Amino acid sequence: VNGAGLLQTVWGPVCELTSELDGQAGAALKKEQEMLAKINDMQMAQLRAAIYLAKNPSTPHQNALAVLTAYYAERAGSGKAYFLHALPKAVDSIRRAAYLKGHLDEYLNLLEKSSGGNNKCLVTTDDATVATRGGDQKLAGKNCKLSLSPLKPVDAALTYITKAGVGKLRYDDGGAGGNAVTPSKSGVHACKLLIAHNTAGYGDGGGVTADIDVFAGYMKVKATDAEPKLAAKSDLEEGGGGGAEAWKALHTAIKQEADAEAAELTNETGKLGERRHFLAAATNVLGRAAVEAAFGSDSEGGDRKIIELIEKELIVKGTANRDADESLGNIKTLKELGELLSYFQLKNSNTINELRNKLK
Amino acid sequence: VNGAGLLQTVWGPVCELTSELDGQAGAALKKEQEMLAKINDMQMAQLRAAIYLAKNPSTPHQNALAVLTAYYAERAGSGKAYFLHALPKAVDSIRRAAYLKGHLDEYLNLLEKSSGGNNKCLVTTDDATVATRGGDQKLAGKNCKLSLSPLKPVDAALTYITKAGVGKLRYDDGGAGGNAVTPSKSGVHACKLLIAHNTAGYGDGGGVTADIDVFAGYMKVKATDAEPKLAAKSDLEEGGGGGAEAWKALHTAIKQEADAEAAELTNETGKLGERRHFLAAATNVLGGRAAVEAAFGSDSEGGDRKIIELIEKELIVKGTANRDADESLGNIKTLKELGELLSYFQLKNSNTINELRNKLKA
Ligand SMILES: *[C@@H]1O[C@H](CO)[C@@H](O[C@@H]2O[C@H](CO)[C@@H](O[C@@H]3O[C@H](CO[C@H]4O[C@H](CO)[C@@H](O)[C@H](O)[C@@H]4O)[C@@H](O)[C@H](O[C@H]4O[C@H](CO)[C@@H](O)[C@H](O)[C@@H]4O[C@H]4O[C@H](CO)[C@@H](O)[C@H](O)[C@@H]4O)[C@@H]3O)[C@H](O)[C@H]2NC(C)=O)[C@H](O)[C@H]1NC(C)=O
């Protein structure tokens, strides 16, 4: 018999999903912050190499330093372009996930609170057992957080919707008299919200004009005397039919998320002669032979020696009006690094003019 | 008499608001993109001034170039820090705005589609006139887009919720038998969804346990024989009471939105000797106001315009850093290209220094 509440095998998974959506924005924020940290790491590595070269013009490693500054600049530009390419996709995943969560929280809340006396709209396995909150704020043992927690950059698993599509939900069933999604109405227990018709639902004198999409289209409330009908799995996924656009758009948004470990953001690692962007830098500022001669190595790590020299270079108190000695590898603001490059570039200009005056 | 649909003076404004929320993400995207563009412009201006000094060691503007490079570096760091501080606020505004829109669209759709025969849940001015979609997809003359448009970085006004709070909605009314939010039920026309009670609503045998927040708390569906109760304006804003957290949290996020033309992102203006970060740059790389005036040869508001124009108009000939064509330095606008030019000329400086020292060797 029609007219009872919604079985937990249906809404339970929806509760778990909306609870996962709560943390999607914080996970995306964390990924954006980590991407920006890599780009800034490249930009600062460029300046440190440039500072070391300006500080030690007569260094025997000028060719290696010229290659490294040009390489880190390309890495900074390539990382910056990848971030701009990923930014619309990140925004939309935040937008689409929270929009779906708002749909689910509105209707889940309405059903959960439509409880009292005969009214039992979220039930477990039968018409008489209504869901209640436990001390741990679980709803009949399920996570069901129907609001947004404060934004925090921490990862949060999203397992009910992935690049592969939706999972762990019920599909297809209902839409008639089989009591597949609601238990048989055995007596006084009822939930008139789940049918848009007058016999066992909230319709007055008859049904509405046509079935109604709820849960952003995951479920249809019928305009006839019939229990709700669950959408097909493919209706919730990219390429599916109509009726659940918010689900498909979120799947698509998740499919198109950028890779946080993309090659465009990360230092190149191969043998120095195989490193494509090392070679391009050497080609433009000084190919293979030039790279390997500047670093005195064909190995995978022939750059570690000059890299360590840059990091450990001592910047004495008073250099660029600095208040204490520090290692160049620990200076990590653009203001400080830019002032050091300017200080040494100015010194070099005065060295050039003085030597040229002596020679003339 | 209780039991009719919802008056358009209530849902009309909610339809207009949810239509505005559709474009919030794109406006936020546009602002972030424009902010990143300013930061990148500072970084590239630093590189051009540094390239010009390296290319022209014998310039008479060496002190001015050292000041500008250090200044543009401070600007790039100051803009980057401002963007990183604004990024959580941007994410939350996107998250909170779309989350509220999802709430409003779910319930609006349910009421709009609960139409047919006696069922009339969104009405205009009386119990018998149900709202319908026109040719332009307006709902009884109102914009009511219950879905998200494709994301576009385009301006989109959000006027119903601002830094000052919410506006243009009805507040306070309802919660009993006065028919302030529903018209009096004259006959067969009905909407049982709007009261969680059995006399004129969808309750079975009695009311539910407690009033129910709908429209994310903008309105309460009553557990007693009573029409819905609209929240007070202050309950929808930062610092308000309970019942509409999704509204207060969106107001807060909007209050904390970043300024796209913030001082931290833009060039300093005015007399050179009064530009705080020009003065700080000069102090640190030269060892204040007097050093700045001497470097640029002026105290006017536009004392830096002469060296800035020299940088922009400097010719970079084909073959410099393996470049394939002549170009003005002010038109070179990638970090790869500018970084290869600075590297090329820094190397030239090293070789110029070594050659001069060997020539001069005693
Ligand atoms: C592409 O490749 C370049 C070159 O490798 C790289 O640039 C380098 O970036 C790092 C920053 O990412 C620069 O700074 C180094 O950063 C590490 C990590 O710092 C973080 O983590 C530590 C530990 O939790 C925190 O304390 C710190 O706050 C940060 O969160 C630091 O550990 C480094 O400090 C060491 O080196 C200093 C300079 O010599 C030392 O004085 C300091 O004590 C540390 O000593 C290290 O080396 C010692 C000698 O072997 C060893 O005994 C110690 O145990 C320790 O290992 C340093 O601050 C670094 O300067 C950059 N290098 C150059 C040449 O620019 C880019 O990051 C990379 N790009 C990407 C995107 O990955």
Side-chain angles (χ1 to χ4, degrees), chain A residues 25 29 46 53 57-58 62 66 69-70 73-74 76-77 88 91-92 94-95 98-99 101-103 106-107 110 113-119 147-148 151 190 192-193 196 202-206 208-209 212 245 284-285 320-321 333-335 338-339 342-343 345-346 348-349 352-353 355 358-359, chain B residues 25 29 46 53 57-58 62 66 69-70 73-74 76-77 88 91-92 94-95 98-99 101-103 106-107 113-119 147-148 151 190 192-193 196 202-206 208-209 212 245 284-285 321-322 334-336 339-340 343-344 346-347 349-350 352-354 356 359-360:
Chain A
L29 171 62
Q46 180 190 356
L53 177 59
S58 304
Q62 76 273 19
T69 53
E74 180 278 335
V91 166
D92 206 38
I94 299 161
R95 176 201 192 207
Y99 178 74
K101 183 177 173 38
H103 273 276
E106 179 77 11
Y107 202 61
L110 177 61
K113 303 283 188 63
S114 293
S115 171
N118 300 344
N119 303 288
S147 64
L148 294 177
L151 185 70
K192 294 191 185 194
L193 289 172
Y202 66 88
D204 185 298
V208 298
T209 295
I212 303 176
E245 297 291 330
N284 282 357
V285 303
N321 196 30
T333 68
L334 295 178
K335 177 182 182 293
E339 288 175 354
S342 171
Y343 177 82
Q345 275 201 279
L346 184 54
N348 288 346
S349 286
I352 295 278
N353 296 340
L355 298 169
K358 291 170 187 105
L359 188 55
Chain B
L29 171 64
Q46 179 189 355
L53 176 59
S58 304
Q62 62 208 350
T69 53
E74 182 278 336
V91 167
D92 208 39
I94 297 162
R95 176 202 193 208
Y99 178 74
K101 182 179 173 39
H103 272 278
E106 178 77 11
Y107 202 62
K113 302 285 188 204
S114 292
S115 170
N118 300 342
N119 304 288
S147 62
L148 293 175
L151 184 68
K192 297 182 52 147
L193 288 172
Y202 66 88
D204 183 298
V208 297
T209 295
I212 304 176
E245 296 290 330
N284 279 359
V285 305
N322 197 32
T334 69
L335 296 177
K336 177 183 181 295
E340 290 176 356
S343 170
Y344 178 84
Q346 276 202 280
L347 184 55
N349 287 346
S350 288
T352 296
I353 295 279
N354 295 339
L356 289 162
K359 284 185 178 177
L360 285 180

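The sequence lines fix the lettering, A, B, ..., with proteins before strands; numbering per chain opens at 1.
- Every residue meeting the side-chain hydrogen bond (donor to acceptor under 3.5 Å, both in side chains) condition with B/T334, not counting sequence neighbours, appears here in chain and number order: B/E337.
- Residues A/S342 and B/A66 share a closest heavy-atom pair of OG-O, 2.7 Å.
- Among A/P88, A/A76, A/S147, the residue making the largest number of heavy-atom pairs under 4.5 Å with chain B is A/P88.
- A/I352 and B/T352 make their closest contact through CD1-CG2, 3.5 Å (heavy atoms, listed as atom of the first residue, atom of the second, distance).
- Across A/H103, A/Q345, A/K335, the residue that shares the most heavy-atom pairs under 4.5 angstrom with chain B is A/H103.
- Smallest separation of non-hydrogen atoms from B/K192 and A/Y202: CD-O, 3.2 Å.
- Interface residue B/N354: only side-chain heavy atoms are found under 4.5 Å from chain A.
- The most heavy-atom pairs under 4.5 Å with chain A, out of B/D204, B/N118, B/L53, B/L347, come from B/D204.
- Interface remark: of the candidates B/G205, B/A190, B/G117, B/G203, B/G203 forms the most heavy-atom pairs closer than 4.5 Å to chain A.
- Partners of B/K113 under the salt bridge (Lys or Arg N to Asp or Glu O under 4.0 Å) rule, at least two apart in sequence or in another chain, do not exist in this structure.
- Of the listed residues (A/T69, A/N119, A/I94), the greatest number of heavy-atom pairs within a distance under 4.5 Å of chain B belongs to A/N119.
- Distance check, rounded to the nearest 0.5 Å: CZ of A/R95 to CG of B/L29 gives 10.0 Å.
- Proximity to chain A (any heavy atom under 4.5 Å) is restricted, for B/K359, to the side chain, taken from C-beta onward.
- Residues B/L335 and A/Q46 are not in side-chain contact: their nearest non-hydrogen atoms beyond the backbone lie 4.5 Å or more apart.
- Your options are A/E339, A/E245, A/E74, and the one with the most heavy-atom pairs under 4.5 Å with chain B is A/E339.
- With a 4.5 angstrom heavy-atom cutoff, B/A196 does not touch chain A via any of its atoms.
- Scanning both residues, B/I212 and A/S114, for their nearest heavy atoms gives CD1-OG, 3.6 Å.
- Taking every heavy atom of both residues into account, A/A73 and B/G339 meet most closely at CB-CA, 3.7 Å.
- Contact of the A/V91 side chain with the B/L151 side chain is registered, since non-hydrogen atoms from C-beta on lie closer than 4.5 Å.
- Two residues are said to be in side-chain contact when any heavy atoms from C-beta on lie closer than 4.5 Å; B/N349 and A/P57 fail this criterion.
- For the set A/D92, A/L193, A/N284, A/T209, the count of heavy-atom pairs under 4.5 angstrom toward chain B peaks at A/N284.
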